[PDB]
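Engineer: Mind having a look at this structure? Questions to follow.
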Amino acid sequence: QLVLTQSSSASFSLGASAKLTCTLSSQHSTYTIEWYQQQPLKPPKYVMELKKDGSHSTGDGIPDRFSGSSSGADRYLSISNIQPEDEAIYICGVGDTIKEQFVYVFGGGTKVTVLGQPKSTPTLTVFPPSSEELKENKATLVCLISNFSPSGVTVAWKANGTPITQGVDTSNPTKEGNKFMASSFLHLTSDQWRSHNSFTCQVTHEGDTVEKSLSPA
Amino acid sequence: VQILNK
Amino acid sequence: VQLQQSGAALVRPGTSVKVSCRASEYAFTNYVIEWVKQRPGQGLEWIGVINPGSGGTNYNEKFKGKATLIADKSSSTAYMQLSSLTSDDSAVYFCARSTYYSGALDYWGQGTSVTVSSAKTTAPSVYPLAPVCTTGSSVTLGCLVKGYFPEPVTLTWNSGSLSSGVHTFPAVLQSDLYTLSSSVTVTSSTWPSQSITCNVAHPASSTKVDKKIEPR
Ligand SMILES: [Cl-]
Ligand SMILES: [Cl-]
Ligand SMILES: [Cl-]
Ligand SMILES: [Cl-]
Ligand SMILES: [Cl-]
Ligand SMILES: [Cl-]
Ligand SMILES: [Cl-]
C-alpha cells in the first residue's frame, strides 16, 4: 500500500504556469519521489528527485522552467511558461524496502495537453495501385498524411461520390518533429479500381477537410 | 522511515 | 552512458522469452538494473531489480514466478526471462540504471518490443510506386510494403545512401498483417537516370527486398 495518486490528464494554456500533483499514501507522507517524463516511442526521461521539504535534484537535459515543491503527502512538478515540447505523460515513482524487499512503485501518470497551440493542417500524398500489384487482381490506394497538429484525425475514402467502408485501414498518428503523420490504405480488386472515374482520400482534422483524388484514367 | 538502499 | 537492449522478439503463446540489457560507458556492478513494462495506454509497471554485485533480486509480487533477472559481470549484461507468455505480455520492456543509494532510474534502455502471437510470420510484398500523374524539376517516389508479420521492418532508400527527403509513415494492422508506405522526393536530374531502390528488411522472415522505382 505504497501508492502514488495522480490525475490521469491535465490541460494548460501555452505560456502558463503548470503544477502537477503526485500524492503519497499517508503512511509514506515523508518519502522522497522521482518525476519522469514520457513522450511516445521514446524511453522515459528522469526529470528530478523531490524530497519532503521541497528540495529537488533535476536530471540532465531538463530545462530550468522545471521545478519541484512539497506540502505534506503532496509532491509537485512545476513547469513555468509551458511549451508544446512539454506535452508528455509525467509519472512519479517511489522506492522503499517493505517486508525486507526493495520495491519501486509508479503513479498512473498525468497526460499533459498544452492548449492554445496554432494547428498544422495535413498535406496529402496519394499513390495509385502499381501495375505489378494490379497483375495479381489487387489494388492498394495509398494516402500519406503529413504535418498535422494536434494528432486527432479521421480518414474516409470515396469511390466517385460514395463512401467506401470495406477495405480501409488507417494508422494511429506518430509524432515527427513538432507535428504528426499517419497513413490510410484502401484495398480494392483490380476491377473495382479500373471501373470507377475517381477515388478520394478525405482527412478530417480539427474541423478542416483535406481531400486528394486519383483516377485510373 | 523510507529505506533508500537496494 | 547507455543501456543497449536486445532487438524486437516474436514469442509464441505458452513459451518463454529472454531479453538483454548491456551496460555501456559505465561500471555495470556499481549500479543496480531495474526492469519496467510499458502499460497499454499510459504509465509504467515495475518488474524488479537485480543487484549485480550481490546477485540479489527483488520483484513486484505480480512478476514473482513470471520474471527471472540475471546479471553477467563478465559481459556487463543484465537478462530478463519472462515465462509462459500470453498476449498480455506483448509490450515494450525497458531496463533502467539506479544507484545503490537513491531511487532515481537515471538512464533507460531504448526498449525491447515483445510480440506474443500465434499469427503466421509473413514476409512483405514490396511494390514500387512511380510518380503519380511526372513533369517538373522534382518527383516523389513511393514504396508500398504490404502484409507482413510481425513488426519490425527496416525500410531505407538506396540502403540509407538516400537519406534526404525520405518520409516513412506509420504502419496499419488488420487481421495480423501490417502494411506501410514510404515516399522520397528526388530531383528530375537524379531520377530516373540513377537507380533508386526501396530496401525492406524483415528480420523475422530473414528476407530483404531492394525494389527499383521504374518510370511508366
Ligand atoms: Cl503524450
Ligand atoms: Cl513539440
Ligand atoms: Cl469500389
Ligand atoms: Cl528463455
Ligand atoms: Cl538475449
Ligand atoms: Cl493503462
Ligand atoms: Cl513516370
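Sequence order for the protein chains is L, C and H. Numbering of the first sequence is given in the deposited numbering, commencing with residue 1 and proceeding in unit increments. Numbering of the second sequence is given in the deposited numbering, commencing with residue 1 and proceeding in unit increments. Under the deposited numbering, the residues of the third sequence are numbered 2 to 134, 137 to 219, in order. For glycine and all other residues, C-beta sits at the position ideal for the given N, C-alpha and C.
1. For ligand 7, I want to know if L:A217 counts as a neighbour, meaning its beta carbon is within less than 6 Å of at least one of the ligand's heavy atoms.
2. H:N52 touches chain C at which residues, Cβ-Cβ below 7 Å?
3. So is L:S70 buried or exposed if we call it buried at 16+ other beta carbons inside 10 Å?
4. Under the DSSP definition of a beta bridge, which residues are partnered with L:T154?
5. Hey, which residues come within less than 6 Å of ligand 2, measuring from Cβ to any heavy atom, in chain order?
6. Between L:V47 and L:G95, what straight-line distance do the alpha-carbon atoms span, to the nearest angstrom?
7. Indicate the three-state DSSP secondary structure (helix, strand or coil) for L:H28 in the structure shown.
8. With a CB to CB cut of under 7 Å and the five nearest residues on each side skipped, what residues in its chain are close to L:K111?
9. Pick out every residue whose C-beta is nearer than 6 Å to a heavy atom of ligand 6: which are they, in chain order?
10. So the candidates are H:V133, H:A92, H:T16, H:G54; which of them puts its Cα closest to the Cα of H:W36?
11. If distances are taken between C-alpha atoms only, which option among H:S17, H:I34, H:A131 comes closest to H:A24?
12. Can you tell which of H:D213, H:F152, H:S162, H:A120 has its C-alpha closest to the C-alpha of H:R13?
13. Note the first and the last residue of the continuous alpha helix (DSSP H) segment covering L:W193.
14. Apart from the five residues on each side of it in sequence, which residues of its chain come closer than 7 Å, Cβ to Cβ, to H:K63?
15. Does the separation of the CB atoms of H:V127 and H:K214 fall below 7 Å?
16. Can you have a look at L:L134 and say buried or exposed, based on whether 16 or more other CB atoms are within 10 angstroms of its CB?
17. By the 10 Å Cβ neighbour count, where 16 or more other Cβ atoms means buried, how is L:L115 classified, buried or exposed?
18. Helix, strand or coil: which one does DSSP assign to H:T30?
19. Measuring alpha carbon to alpha carbon, tell me which residue in H:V2, H:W160, H:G8 is nearest H:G112.
20. Does DSSP put H:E154 in a helix, in a strand, or in coil?
21. Tell me which residues share the same chain as L:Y104 and place their Cβ nearer than 8 Å to its Cβ, disregarding the 5 neighbours each side in the sequence.
22. Considering just the uninterrupted stretch of the alpha helix (DSSP H) at L:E133, what are its terminal residues?
23. Is there contact between the stretch 149 to 161 of chain L and the stretch 186 to 196 of chain L, where contact requires at least three CB pairs shorter than 8 Å?
24. Does the beta-carbon distance from H:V2 to H:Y80 come in below 7 Å?
25. Out of L:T5, L:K45, L:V142, point me to the one whose CA is closest to L:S26's CA.
26. Can you name, in chain order, every residue of its own chain whose Cβ lies under 6 Å from the Cβ of H:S114, other than the five neighbours on each side?
27. Below 6 Å, is the gap between the Cβ of H:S85 and the nearest heavy atom of ligand 4?
28. What does the shell around ligand 4 hold, if a residue joins when its beta-carbon is under 7 Å from any heavy atom?
29. Just verifying my parser: in three-state terms, what is the DSSP assignment at H:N61?
30. Which residue wins for smallest C-alpha separation from H:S88, given the options H:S164, H:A207, H:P41?
31. CB-CB under 6 Å to L:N81, same chain, minus the five flanking residues each way: which ones, in chain order?
32. Rounded to whole angstroms, what's the CA-CA distance from L:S190 to L:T165? Just pull it up for me.
33. Taking CB distances under 7 Å as the criterion, tell me whether L:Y36 reaches chain C.
34. Are there any heavy atoms of ligand 1 lying less than 6 Å away from the beta-carbon of L:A16, as far as the coordinates show?
35. From H:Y101 to H:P153, what does the alpha carbon distance come to, in whole angstroms?
36. What are the residues in the stretch 94 to 118 of chain H lying within 9 Å of chain C by C-beta distance?
Structural biologist: In this structure, then:
1. no
2. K6
3. buried
4. L:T204
5. L:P84, L:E85, L:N178
6. 16 Å
7. helix
8. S8, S9, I89
9. H:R40, H:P41, H:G42, H:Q43, H:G44
10. H:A92
11. H:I34
12. H:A120
13. 190 to 195
14. none
15. yes
16. buried
17. exposed
18. helix
19. H:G8
20. coil
21. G93, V94, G95
22. 131 to 134
23. yes
24. no
25. L:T5
26. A9, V93
27. no
28. H:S17, H:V18, H:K19, H:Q82
29. coil
30. H:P41
31. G15, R65
32. 17 Å
33. no
34. no
35. 38 Å
36. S99, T100, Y101, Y102, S103, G104
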